[PDB]
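> Input structure_18.txt, format and content: compact mmCIF, C-alpha atoms.
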```txt
# COMPACT_ATOMS: atom_id res chain seq x y z
CA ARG L 928 -4.32 -26.06 40.60
CA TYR L 929 -6.66 -23.13 40.01
CA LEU L 930 -7.25 -20.34 42.49
CA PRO L 931 -10.84 -19.49 43.44
CA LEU L 932 -12.29 -16.65 41.40
CA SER L 933 -13.00 -14.61 44.54
CA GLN L 934 -9.29 -14.80 45.40
CA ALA L 935 -7.93 -14.55 41.85
CA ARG L 936 -9.75 -11.23 41.48
CA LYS L 937 -7.99 -9.74 44.52
CA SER L 938 -4.53 -10.52 43.12
CA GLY L 939 -5.42 -8.90 39.81
CA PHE L 940 -3.48 -6.27 37.90
CA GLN L 941 -4.15 -3.29 40.13
CA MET L 942 -3.20 0.15 38.83
CA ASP L 943 -3.32 3.56 40.52
CA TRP L 944 -5.59 5.37 38.09
CA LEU L 945 -5.47 8.72 39.90
CA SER L 946 -1.76 9.32 39.18
CA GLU L 947 -1.27 7.46 35.89
CA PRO L 948 -1.64 9.69 32.79
CA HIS L 949 -5.34 10.08 32.12
CA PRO L 950 -6.48 8.49 28.83
CA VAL L 951 -6.72 10.54 25.64
CA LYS L 952 -10.17 11.01 24.14
CA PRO L 953 -10.01 9.81 20.51
CA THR L 954 -10.63 12.16 17.61
CA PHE L 955 -14.17 10.83 17.06
CA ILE L 956 -16.92 8.75 18.64
CA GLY L 957 -18.60 6.25 16.36
CA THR L 958 -17.09 4.53 13.32
CA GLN L 959 -15.12 5.53 10.23
CA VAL L 960 -14.99 3.32 7.14
CA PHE L 961 -12.15 2.81 4.66
CA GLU L 962 -13.64 1.77 1.33
CA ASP L 963 -10.86 1.42 -1.26
CA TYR L 964 -7.74 1.62 0.90
CA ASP L 965 -4.54 2.10 -1.10
CA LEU L 966 -2.87 -1.31 -1.34
CA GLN L 967 0.47 0.15 -2.45
CA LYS L 968 0.99 1.77 0.97
CA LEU L 969 0.49 -1.58 2.73
CA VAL L 970 3.36 -3.29 0.88
CA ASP L 971 6.00 -1.81 3.20
CA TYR L 972 4.28 -3.39 6.22
CA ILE L 973 4.03 -6.97 4.89
CA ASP L 974 5.54 -9.51 7.30
CA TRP L 975 7.27 -12.00 5.03
CA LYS L 976 8.09 -14.56 7.74
CA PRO L 977 4.67 -16.32 7.70
CA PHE L 978 4.61 -16.09 3.89
CA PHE L 979 7.58 -18.44 3.48
CA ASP L 980 5.97 -21.03 5.75
CA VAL L 981 3.05 -21.41 3.32
CA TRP L 982 5.52 -23.11 0.96
CA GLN L 983 7.26 -24.67 4.00
CA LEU L 984 10.49 -22.88 3.11
CA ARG L 985 12.53 -23.05 6.32
CA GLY L 986 16.22 -22.21 6.60
CA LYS L 987 18.64 -23.53 9.19
CA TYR L 988 20.48 -21.53 11.83
CA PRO L 989 21.67 -18.80 11.59
CA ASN L 990 19.69 -18.13 8.37
CA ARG L 991 16.43 -19.26 10.03
CA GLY L 992 14.12 -16.42 9.00
CA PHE L 993 13.42 -13.61 6.60
CA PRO L 994 15.50 -12.00 5.17
CA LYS L 995 18.35 -14.31 6.20
CA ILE L 996 16.57 -17.10 4.30
CA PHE L 997 17.99 -15.90 0.98
CA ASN L 998 21.48 -16.93 2.12
CA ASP L 999 20.81 -20.56 3.14
CA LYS L 1000 21.96 -22.70 0.21
CA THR L 1001 19.25 -25.29 0.94
CA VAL L 1002 16.28 -23.04 0.12
CA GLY L 1003 17.83 -19.70 -0.77
CA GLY L 1004 17.41 -20.09 -4.51
CA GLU L 1005 13.83 -21.32 -4.15
CA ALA L 1006 13.08 -18.68 -1.51
CA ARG L 1007 14.40 -16.00 -3.86
CA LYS L 1008 12.33 -17.37 -6.74
CA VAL L 1009 9.14 -17.46 -4.66
CA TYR L 1010 9.74 -13.98 -3.23
CA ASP L 1011 10.46 -12.42 -6.63
CA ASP L 1012 7.39 -14.06 -8.17
CA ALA L 1013 5.34 -12.83 -5.21
CA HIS L 1014 6.54 -9.27 -5.78
CA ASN L 1015 5.79 -9.54 -9.51
CA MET L 1016 2.25 -10.80 -8.92
CA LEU L 1017 1.72 -8.23 -6.17
CA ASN L 1018 2.70 -5.43 -8.55
CA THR L 1019 0.36 -6.83 -11.21
CA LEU L 1020 -2.52 -7.10 -8.72
CA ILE L 1021 -2.11 -3.58 -7.32
CA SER L 1022 -1.63 -2.07 -10.78
CA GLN L 1023 -4.68 -3.87 -12.19
CA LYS L 1024 -6.77 -2.97 -9.10
CA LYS L 1025 -8.06 -6.53 -8.84
CA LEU L 1026 -7.87 -6.83 -5.06
CA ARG L 1027 -9.79 -4.16 -3.13
CA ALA L 1028 -8.91 -3.47 0.50
CA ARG L 1029 -11.64 -2.59 2.97
CA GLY L 1030 -11.89 -1.89 6.68
CA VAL L 1031 -13.61 -0.11 9.54
CA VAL L 1032 -12.51 1.42 12.84
CA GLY L 1033 -14.42 2.92 15.75
CA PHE L 1034 -14.08 4.21 19.29
CA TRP L 1035 -16.43 4.31 22.29
CA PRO L 1036 -16.05 5.19 25.98
CA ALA L 1037 -15.35 2.20 28.21
CA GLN L 1038 -15.62 1.57 31.94
CA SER L 1039 -14.71 -1.71 33.62
CA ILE L 1040 -16.96 -3.27 36.25
CA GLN L 1041 -15.38 -6.43 37.72
CA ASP L 1042 -14.28 -8.41 34.62
CA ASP L 1043 -16.63 -6.68 32.15
CA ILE L 1044 -15.82 -3.70 29.92
CA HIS L 1045 -19.03 -1.73 29.44
CA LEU L 1046 -19.17 0.68 26.51
CA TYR L 1047 -21.31 3.81 26.68
CA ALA L 1048 -22.76 6.41 24.35
CA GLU L 1049 -20.94 9.64 23.52
CA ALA L 1050 -22.97 12.04 25.66
CA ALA L 1051 -24.08 9.56 28.32
CA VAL L 1052 -22.48 9.83 31.76
CA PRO L 1053 -20.98 6.40 32.53
CA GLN L 1054 -22.06 6.42 36.18
CA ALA L 1055 -25.66 7.40 35.38
CA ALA L 1056 -26.53 5.65 32.11
CA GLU L 1057 -26.96 2.17 30.70
CA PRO L 1058 -24.20 0.69 28.54
CA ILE L 1059 -24.66 -0.03 24.85
CA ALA L 1060 -22.45 -3.15 24.68
CA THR L 1061 -20.39 -5.33 26.99
CA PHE L 1062 -17.21 -7.34 26.47
CA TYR L 1063 -17.21 -10.03 29.16
CA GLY L 1064 -13.55 -10.65 29.93
CA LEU L 1065 -12.05 -13.80 31.40
CA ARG L 1066 -9.55 -13.59 34.25
CA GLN L 1067 -6.46 -15.73 34.63
CA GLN L 1068 -7.20 -18.39 37.21
CA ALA L 1069 -4.30 -20.84 37.00
CA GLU L 1070 -1.98 -20.63 39.99
CA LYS L 1071 1.38 -19.09 39.17
CA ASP L 1072 4.91 -19.76 40.39
CA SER L 1073 5.58 -19.30 44.10
CA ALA L 1074 8.17 -16.58 43.44
CA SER L 1075 6.14 -14.99 40.63
CA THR L 1076 5.32 -11.30 40.93
CA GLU L 1077 2.92 -11.31 37.99
CA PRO L 1078 -0.75 -10.48 38.65
CA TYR L 1079 -3.72 -12.45 37.35
CA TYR L 1080 -4.43 -10.42 34.24
CA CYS L 1081 -7.81 -9.70 32.70
CA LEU L 1082 -8.68 -7.46 29.78
CA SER L 1083 -10.80 -5.32 32.11
CA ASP L 1084 -7.71 -4.45 34.17
CA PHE L 1085 -6.57 -2.21 31.27
CA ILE L 1086 -9.69 0.00 31.46
CA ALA L 1087 -10.28 2.52 34.23
CA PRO L 1088 -13.10 1.33 36.51
CA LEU L 1089 -16.47 3.02 36.77
CA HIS L 1090 -16.12 4.07 40.42
CA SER L 1091 -12.79 5.89 40.00
CA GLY L 1092 -14.47 8.71 38.05
CA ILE L 1093 -11.75 8.67 35.40
CA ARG L 1094 -13.07 8.23 31.87
CA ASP L 1095 -11.44 5.56 29.70
CA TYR L 1096 -12.04 4.65 26.06
CA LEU L 1097 -11.92 1.56 23.87
CA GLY L 1098 -11.76 1.04 20.11
CA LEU L 1099 -12.22 -1.85 17.70
CA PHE L 1100 -11.27 -2.51 14.09
CA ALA L 1101 -12.05 -4.89 11.24
CA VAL L 1102 -10.14 -5.14 7.97
CA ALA L 1103 -10.31 -7.39 4.92
CA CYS L 1104 -8.71 -7.98 1.52
CA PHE L 1105 -11.45 -8.81 -0.97
CA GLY L 1106 -10.96 -10.36 -4.40
CA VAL L 1107 -8.76 -13.33 -3.47
CA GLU L 1108 -11.67 -15.78 -3.67
CA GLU L 1109 -12.31 -15.05 -7.36
CA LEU L 1110 -8.63 -15.07 -8.34
CA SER L 1111 -8.00 -18.44 -6.69
CA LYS L 1112 -10.89 -19.88 -8.71
CA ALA L 1113 -9.54 -18.25 -11.86
CA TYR L 1114 -6.07 -19.72 -11.35
CA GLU L 1115 -7.52 -23.16 -10.54
CA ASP L 1116 -9.89 -23.30 -13.53
CA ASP L 1117 -6.99 -22.67 -15.91
CA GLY L 1118 -4.67 -25.16 -14.19
CA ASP L 1119 -2.22 -23.08 -12.15
CA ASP L 1120 -1.54 -24.33 -8.62
CA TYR L 1121 1.45 -22.04 -8.03
CA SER L 1122 -0.58 -18.90 -8.71
CA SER L 1123 -3.57 -20.25 -6.78
CA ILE L 1124 -1.47 -20.78 -3.65
CA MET L 1125 0.47 -17.54 -4.10
CA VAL L 1126 -2.59 -15.32 -4.42
CA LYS L 1127 -4.08 -16.64 -1.18
CA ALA L 1128 -0.78 -16.29 0.67
CA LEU L 1129 -0.51 -12.72 -0.63
CA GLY L 1130 -4.09 -11.99 0.42
CA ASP L 1131 -3.34 -13.16 3.95
CA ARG L 1132 -0.13 -11.10 4.00
CA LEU L 1133 -1.99 -8.02 2.76
CA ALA L 1134 -4.70 -8.44 5.41
CA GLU L 1135 -2.07 -8.65 8.16
CA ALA L 1136 -0.18 -5.66 6.71
CA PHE L 1137 -3.43 -3.68 6.59
CA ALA L 1138 -4.03 -4.53 10.25
CA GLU L 1139 -0.53 -3.34 11.17
CA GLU L 1140 -0.80 -0.13 9.15
CA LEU L 1141 -4.23 0.68 10.58
CA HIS L 1142 -3.00 0.11 14.13
CA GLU L 1143 -0.01 2.38 13.51
CA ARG L 1144 -2.33 5.05 12.12
CA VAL L 1145 -4.64 4.63 15.13
CA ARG L 1146 -1.85 5.02 17.67
CA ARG L 1147 -0.69 8.29 16.11
CA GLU L 1148 -3.39 10.12 14.14
CA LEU L 1149 -6.88 8.71 14.95
CA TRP L 1150 -6.48 8.12 18.70
CA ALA L 1151 -3.28 10.21 18.95
CA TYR L 1152 -2.15 8.69 22.25
CA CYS L 1153 1.33 8.09 20.80
CA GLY L 1154 1.69 11.29 18.79
CA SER L 1155 5.40 11.43 19.65
CA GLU L 1156 6.07 7.92 18.32
CA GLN L 1157 8.14 7.62 15.14
CA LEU L 1158 9.00 3.92 15.24
CA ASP L 1159 10.03 1.96 12.16
CA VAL L 1160 8.50 -1.32 11.02
CA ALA L 1161 11.43 -3.40 12.31
CA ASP L 1162 10.39 -2.09 15.75
CA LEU L 1163 6.63 -2.40 15.20
CA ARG L 1164 6.98 -6.12 14.46
CA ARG L 1165 9.00 -6.42 17.69
CA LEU L 1166 6.14 -5.06 19.86
CA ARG L 1167 8.19 -2.02 20.89
CA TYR L 1168 5.09 0.17 20.51
CA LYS L 1169 2.61 0.71 23.35
CA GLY L 1170 -0.92 -0.60 23.54
CA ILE L 1171 -2.31 -3.89 22.27
CA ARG L 1172 -4.91 -5.03 19.74
CA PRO L 1173 -6.24 -8.36 21.05
CA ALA L 1174 -8.65 -10.35 18.91
CA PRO L 1175 -11.51 -12.62 20.02
CA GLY L 1176 -10.56 -16.28 20.02
CA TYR L 1177 -6.94 -15.57 20.96
CA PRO L 1178 -5.42 -16.42 24.36
CA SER L 1179 -6.39 -13.02 25.78
CA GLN L 1180 -10.10 -13.83 25.29
CA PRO L 1181 -10.61 -17.33 23.86
CA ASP L 1182 -14.37 -16.77 23.63
CA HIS L 1183 -15.23 -16.67 19.93
CA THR L 1184 -18.75 -15.38 20.60
CA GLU L 1185 -17.38 -11.90 21.36
CA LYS L 1186 -17.21 -11.17 17.62
CA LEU L 1187 -21.01 -11.02 17.55
CA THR L 1188 -20.98 -7.98 19.85
CA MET L 1189 -18.39 -6.25 17.67
CA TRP L 1190 -20.37 -6.89 14.48
CA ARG L 1191 -23.62 -5.76 16.12
CA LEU L 1192 -22.12 -2.57 17.56
CA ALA L 1193 -19.84 -1.38 14.75
CA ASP L 1194 -22.22 -2.57 11.99
CA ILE L 1195 -19.32 -4.28 10.24
CA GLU L 1196 -21.59 -6.26 7.90
CA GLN L 1197 -23.17 -3.24 6.22
CA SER L 1198 -20.05 -1.06 6.45
CA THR L 1199 -17.46 -3.43 4.95
CA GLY L 1200 -19.11 -6.69 3.89
CA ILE L 1201 -17.01 -8.87 6.20
CA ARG L 1202 -19.37 -11.56 7.47
CA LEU L 1203 -19.43 -13.97 10.38
CA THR L 1204 -20.32 -17.54 9.46
CA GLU L 1205 -22.18 -20.04 11.63
CA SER L 1206 -18.77 -21.02 13.06
CA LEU L 1207 -18.09 -17.34 13.88
CA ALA L 1208 -15.19 -17.05 11.44
CA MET L 1209 -14.61 -14.01 9.27
CA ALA L 1210 -15.46 -14.29 5.57
CA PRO L 1211 -13.41 -13.72 3.42
CA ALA L 1212 -10.61 -15.69 5.09
CA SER L 1213 -8.21 -12.74 4.63
CA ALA L 1214 -9.80 -10.66 7.38
CA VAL L 1215 -8.52 -9.38 10.73
CA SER L 1216 -10.42 -7.82 13.62
CA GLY L 1217 -9.73 -6.87 17.22
CA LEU L 1218 -10.09 -4.36 20.02
CA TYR L 1219 -7.77 -1.41 20.71
CA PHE L 1220 -6.40 -0.96 24.24
CA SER L 1221 -4.44 2.27 24.75
CA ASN L 1222 -2.98 1.69 28.23
CA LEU L 1223 0.74 2.13 28.81
CA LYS L 1224 0.92 -1.06 30.90
CA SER L 1225 -1.35 -3.23 28.75
CA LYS L 1226 0.27 -6.43 27.52
CA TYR L 1227 -0.65 -9.70 25.86
CA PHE L 1228 -1.38 -12.64 28.14
CA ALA L 1229 -2.89 -16.12 28.05
CA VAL L 1230 -5.96 -16.90 30.14
CA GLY L 1231 -5.10 -20.58 30.26
CA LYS L 1232 -7.20 -23.23 31.94
CA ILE L 1233 -10.08 -21.97 34.08
CA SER L 1234 -12.10 -23.73 36.76
CA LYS L 1235 -15.83 -24.43 36.90
CA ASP L 1236 -16.67 -21.57 39.28
CA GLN L 1237 -15.45 -19.02 36.73
CA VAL L 1238 -17.33 -20.85 33.96
CA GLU L 1239 -20.62 -20.60 35.86
CA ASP L 1240 -19.94 -16.99 36.86
CA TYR L 1241 -19.31 -16.20 33.18
CA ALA L 1242 -22.52 -17.98 32.19
CA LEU L 1243 -24.44 -15.97 34.78
CA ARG L 1244 -22.84 -12.70 33.62
CA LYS L 1245 -23.51 -13.34 29.93
CA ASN L 1246 -27.06 -14.62 30.65
CA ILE L 1247 -26.54 -17.90 28.78
CA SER L 1248 -26.65 -21.48 29.99
CA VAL L 1249 -23.58 -23.29 31.28
CA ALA L 1250 -24.05 -25.93 28.57
CA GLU L 1251 -23.26 -23.23 25.99
CA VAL L 1252 -20.30 -21.65 27.80
CA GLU L 1253 -18.78 -25.12 28.06
CA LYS L 1254 -19.22 -25.34 24.28
CA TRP L 1255 -17.76 -21.99 23.21
CA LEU L 1256 -14.98 -22.16 25.84
CA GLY L 1257 -14.25 -25.85 25.22
CA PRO L 1258 -10.46 -25.93 24.78
CA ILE L 1259 -9.75 -23.91 27.95
CA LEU L 1260 -11.95 -25.75 30.45
CA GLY L 1261 -9.89 -26.93 33.40
CA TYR L 1262 -12.43 -29.49 34.64
CA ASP L 1263 -14.00 -32.70 33.40
CA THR L 1264 -17.09 -31.85 31.35
CA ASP L 1265 -19.13 -35.07 31.18
```
Would you write out, as structure tokens, the structure that this file holds?

Amino acid sequence: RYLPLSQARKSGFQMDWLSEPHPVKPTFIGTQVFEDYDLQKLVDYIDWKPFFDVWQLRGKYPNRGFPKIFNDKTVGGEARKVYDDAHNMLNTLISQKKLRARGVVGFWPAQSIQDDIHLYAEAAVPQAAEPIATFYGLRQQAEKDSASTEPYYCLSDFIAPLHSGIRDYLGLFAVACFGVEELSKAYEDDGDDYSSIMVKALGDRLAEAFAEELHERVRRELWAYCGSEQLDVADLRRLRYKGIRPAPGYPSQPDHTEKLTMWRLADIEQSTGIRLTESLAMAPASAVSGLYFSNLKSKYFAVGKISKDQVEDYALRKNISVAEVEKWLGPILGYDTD
């Protein structure tokens, strides 16, 4: 069962904006580019759990995960060998300056109207000016448990609405780890499958670590809405921090076409060289992007299956045909398509 959109909107995540702490204006409006980001600093943020699954190294309970994996006698020797070789190659890559990190971050004012999150210019009054970009959110529509107290979340519920007079802000980021594509070819031309796999796994790990480090810097020094936070990485990986960085295509907003707005607005192509292919996937493959939400009560959620009324409302909002929304939102349609 799916609730009607007109009723699912009423039971949304309502917040009292006039008593909640008013949002902090970031340190700049526009974008700032990181050209040759220090890769050595990112090594302390690398999440090694997904790295072991590239080689399908899985340990049994209770050693089922990094760094307990070194103890399990089934894989522990091989896990240690792979990890030590990864550290050796990582040191060689950073020392030789083969890989070159690159990224971009930016902030703009944001005001939510219904399920949209309209961004505005720096000096433009939100209530008396046109927006410069829009991020059309999707609201949860699936009916919840009878005893559930959860609201029907949408990404626009985390931005103060236009009528309340309170000014909110939104930021977005894009990071990449260039140079992996050439090194994989180099290690495959000379007959080295171990190095070819390892360099791509390390590139993915470095991209994720760059994303984590940039978010931690944003929360504390660029946006400064958590200036009193001094959390360690073992807490950052546990989502103990506040605020979220959802990415297009993920269960918060499964619409992959949203990346076009980000690339158009932040000028990611000219700033960093991270491209979007005809499938709307970042190139190189070791790239991460997303939007920064600074609300205290913001949390990750899954939109889930949606009904046809929301699909047509979304098509009307985005000014595209239904036959295209059904394409780009294919996996989440809750109704028969043909």
> Near residue L:1018, within 12 Å and counting all atoms listed in the file, which residues show up once chain neighbours fewer than 6 positions away are dropped, as a PyMOL selection string?
chain L and resi 966-967+970+1011-1012+1024-1026+1126+1129
> Report, in Å to a single decimal, how far apart atom CA of residue L:1047 and atom CA of residue L:1060 are.
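Spanning atom CA of residue L:1060 to atom CA of residue L:1047 is a straight-line distance of 7.3 Å.
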> Between atom CA of residue L:1004 and atom CA of residue L:980, what is the distance in Å, rounded to a tenth?
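About the pair atom CA of residue L:1004 and atom CA of residue L:980: they are 15.4 Å apart.
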> Which value, in Å to one decimal, gives the distance between atom CA of residue L:962 and atom CA of residue L:1058?
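The value is 29.2 Å.
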> May I ask which of the residues L:1034, L:1168, L:1096, L:978 is the closest one to residue L:1136, counting all atoms listed in the file?
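Looking at the shortest contact to residue L:1136, the residue is L:978.
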> Under the rule that all atoms listed in the file are counted, which of L:1201, L:1065, L:1160, L:1195 is the nearest residue to residue L:1231?
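Comparing L:1201, L:1065, L:1160, L:1195 against residue L:1231, the winner is L:1065.
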> Which residue, L:1054, L:1062, L:1119, L:979, has the smallest gap to residue L:1090 when you use all atoms listed in the file?
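Ranking L:1054, L:1062, L:1119, L:979 by distance to residue L:1090, first place goes to L:1054.
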> Can you work out which one of L:1184, L:941, L:1061, L:958 has the shortest atom-to-atom distance to residue L:1045, counting all atoms listed in the file?
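Once distances to residue L:1045 are computed over all atoms listed in the file, the minimum belongs to L:1061.
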> For residue L:1180, find every residue with an atom within 10 Å (counting only C-alpha atoms), except residues of its own chain fewer than 3 positions away, and show them as a count of residues only.
20
> At a cut-off of 12 Å, using all atoms listed in the file, what residues contact residue L:1157? Leave out same-chain residues fewer than 4 positions from it and give the result as a list in words.
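What passes the distance filter is residues 1143, 1144, 1146, 1147, 1148, 1153, 1161, 1162, 1163, 1167 and 1168 of chain L.
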> Could you pull out every residue with an atom within 8 Å of (-7.9, 4.9, 33.7), file coordinates, counting only C-alpha atoms, and send them as a ChimeraX atom specification?
/L:944-945,947-950,1085-1088,1093-1095
> Using all atoms listed in the file for the distances, tell me which of L:1171, L:1259, L:973, L:1104 is nearest to residue L:1014.
L:973
> With all atoms listed in the file counted, which protein, DNA or RNA residues have an atom no more than 6 Å from (-4.1, -21.1, -10.2) in the file frame? Please answer as a VMD selection string.
chain L and resid 1111 1114 to 1115 1118 to 1120 1122 to 1123
> Restricting the calculation to only C-alpha atoms, which member of L:1108, L:1070, L:1077, L:1116 is positioned closest to residue L:932?
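Selected residue with least distance to residue L:932: L:1070.
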> Report the centre and edge lengths, in Å to one decimal, of an axis-aligned box enclosing every atom of stretch 939-949 of chain L listed in the file, padded by 8 Å on each side, as AutoDock Vina command-line options.

```
--center_x -3.4 --center_y 0.6 --center_z 36.3 --size_x 20.3 --size_y 35.0 --size_z 24.4
```
> Quick one: residues within 9 Å of residue L:1102, only C-alpha atoms counted, chain neighbours fewer than 5 positions away excluded, as a ChimeraX atom specification?
/L:961,1028-1032,1134-1135,1137-1138,1141,1199,1201,1213-1216
> Considering all atoms listed in the file, return as a list in words whatever protein or nucleic-acid residues lie within 10 Å of residue L:1192, sequence-local ones (same chain, fewer than 5 positions apart) excluded.
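Here the qualifying residues turn out to be residues 957, 958, 1033, 1046, 1059, 1060, 1061, 1099, 1186 and 1187 of chain L.
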> Is it possible to add N, CA and C atoms to stretch 1237-1254 of chain L and hand it back as a PDB file, keeping the file's coordinate frame?

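Here's the written file result_15.pdb:
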```pdb
ATOM      1  N   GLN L1237     -15.514 -20.113  37.691  1.00  0.00           N
ATOM      2  CA  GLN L1237     -15.450 -19.020  36.730  1.00  0.00           C
ATOM      3  C   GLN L1237     -16.356 -19.283  35.531  1.00  0.00           C
ATOM      4  N   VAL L1238     -16.473 -20.540  35.097  1.00  0.00           N
ATOM      5  CA  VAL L1238     -17.330 -20.850  33.960  1.00  0.00           C
ATOM      6  C   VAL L1238     -18.786 -20.522  34.281  1.00  0.00           C
ATOM      7  N   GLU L1239     -19.256 -20.931  35.459  1.00  0.00           N
ATOM      8  CA  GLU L1239     -20.620 -20.600  35.860  1.00  0.00           C
ATOM      9  C   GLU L1239     -20.819 -19.121  36.139  1.00  0.00           C
ATOM     10  N   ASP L1240     -19.823 -18.432  36.701  1.00  0.00           N
ATOM     11  CA  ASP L1240     -19.940 -16.990  36.860  1.00  0.00           C
ATOM     12  C   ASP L1240     -20.031 -16.290  35.510  1.00  0.00           C
ATOM     13  N   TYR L1241     -19.255 -16.755  34.530  1.00  0.00           N
ATOM     14  CA  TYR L1241     -19.310 -16.200  33.180  1.00  0.00           C
ATOM     15  C   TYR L1241     -20.660 -16.458  32.534  1.00  0.00           C
ATOM     16  N   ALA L1242     -21.199 -17.662  32.727  1.00  0.00           N
ATOM     17  CA  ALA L1242     -22.520 -17.980  32.190  1.00  0.00           C
ATOM     18  C   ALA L1242     -23.585 -17.090  32.813  1.00  0.00           C
ATOM     19  N   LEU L1243     -23.490 -16.853  34.122  1.00  0.00           N
ATOM     20  CA  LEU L1243     -24.440 -15.970  34.780  1.00  0.00           C
ATOM     21  C   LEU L1243     -24.301 -14.532  34.284  1.00  0.00           C
ATOM     22  N   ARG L1244     -23.065 -14.065  34.094  1.00  0.00           N
ATOM     23  CA  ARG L1244     -22.840 -12.700  33.620  1.00  0.00           C
ATOM     24  C   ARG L1244     -23.387 -12.511  32.211  1.00  0.00           C
ATOM     25  N   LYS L1245     -23.107 -13.458  31.319  1.00  0.00           N
ATOM     26  CA  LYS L1245     -23.510 -13.340  29.930  1.00  0.00           C
ATOM     27  C   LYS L1245     -24.961 -13.739  29.693  1.00  0.00           C
ATOM     28  N   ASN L1246     -25.645 -14.244  30.721  1.00  0.00           N
ATOM     29  CA  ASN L1246     -27.060 -14.620  30.650  1.00  0.00           C
ATOM     30  C   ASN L1246     -27.289 -15.720  29.610  1.00  0.00           C
ATOM     31  N   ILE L1247     -26.390 -16.704  29.599  1.00  0.00           N
ATOM     32  CA  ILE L1247     -26.540 -17.900  28.780  1.00  0.00           C
ATOM     33  C   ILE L1247     -26.295 -19.111  29.667  1.00  0.00           C
ATOM     34  N   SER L1248     -26.759 -20.266  29.201  1.00  0.00           N
ATOM     35  CA  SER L1248     -26.650 -21.480  29.990  1.00  0.00           C
ATOM     36  C   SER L1248     -25.198 -21.944  30.072  1.00  0.00           C
ATOM     37  N   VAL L1249     -24.913 -22.725  31.115  1.00  0.00           N
ATOM     38  CA  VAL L1249     -23.580 -23.290  31.280  1.00  0.00           C
ATOM     39  C   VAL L1249     -23.261 -24.248  30.141  1.00  0.00           C
ATOM     40  N   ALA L1250     -24.273 -24.963  29.645  1.00  0.00           N
ATOM     41  CA  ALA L1250     -24.050 -25.930  28.570  1.00  0.00           C
ATOM     42  C   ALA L1250     -23.617 -25.269  27.273  1.00  0.00           C
ATOM     43  N   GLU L1251     -23.744 -23.948  27.161  1.00  0.00           N
ATOM     44  CA  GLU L1251     -23.260 -23.230  25.990  1.00  0.00           C
ATOM     45  C   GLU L1251     -21.891 -22.608  26.228  1.00  0.00           C
ATOM     46  N   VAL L1252     -21.634 -22.140  27.451  1.00  0.00           N
ATOM     47  CA  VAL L1252     -20.300 -21.650  27.800  1.00  0.00           C
ATOM     48  C   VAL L1252     -19.285 -22.777  27.711  1.00  0.00           C
ATOM     49  N   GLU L1253     -19.644 -23.961  28.212  1.00  0.00           N
ATOM     50  CA  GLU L1253     -18.780 -25.120  28.060  1.00  0.00           C
ATOM     51  C   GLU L1253     -18.516 -25.463  26.605  1.00  0.00           C
ATOM     52  N   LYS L1254     -19.421 -25.082  25.702  1.00  0.00           N
ATOM     53  CA  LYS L1254     -19.220 -25.340  24.280  1.00  0.00           C
ATOM     54  C   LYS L1254     -18.270 -24.314  23.667  1.00  0.00           C
TER      55      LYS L1254
END
```
